[PDB]
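According to the authors' numbering, the stretch in the sequence shown is residues 1 to 56, in order.
Structure record follows, encoded as structure tokens.
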Amino acid sequence: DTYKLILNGXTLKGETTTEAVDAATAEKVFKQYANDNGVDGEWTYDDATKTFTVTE
């Protein structure tokens, strides 16, 4: 299924997606993505819309 990540680094904002077998697997992709792209902070997950957010 399609999972989405909403990033808010402060100045820099964006959204990415990934096709993953389950939510834990998408979470690993998104956590590495946020780490590799300098966004570090508060995490949310809405299973009903398969949407993560991370906010600096």
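Even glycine gets a Cβ: it sits at the ideal position worked out from N, Cα and C.
Supposed contact pair residue j and residue i - C-beta distance, whole angstroms, cut 8 Å
i: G9; j: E42; result: Actually they do not touch by this definition, with Cβ atoms about 12 Å apart.
i: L5; j: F52; result: 5 Å
i: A23; j: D40; result: Not really, about 21 Å apart at Cβ, beyond 8 Å.
Own chain, CB closer than 8 Å to residue i, minus 5 neighbours either side, in chain order
i: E15; result: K4, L5, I6, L7
i: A34; result: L5, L7, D40, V54
Cut-off 6 Å between Cβ atoms - residues of its own chain near residue i, not counting five sequence neighbours on either side
i: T18; result: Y3, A26, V29
i: residue 58; result: Residue 58 is absent from the structure shown; the chain starts at 1 and stops at 56.
Endpoints, the beta strand (DSSP E) within which residue i is located
i: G9; result: Taken as a continuous stretch (DSSP letters only), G9 belongs to no beta strand (DSSP E), as it is neither H nor E.
Entirely within the stretch 22-52 and at least 3 residues each: give me those beta strand (DSSP E) ranges in chain order.
-> Counting only runs of 3 or more, we get 42-46.
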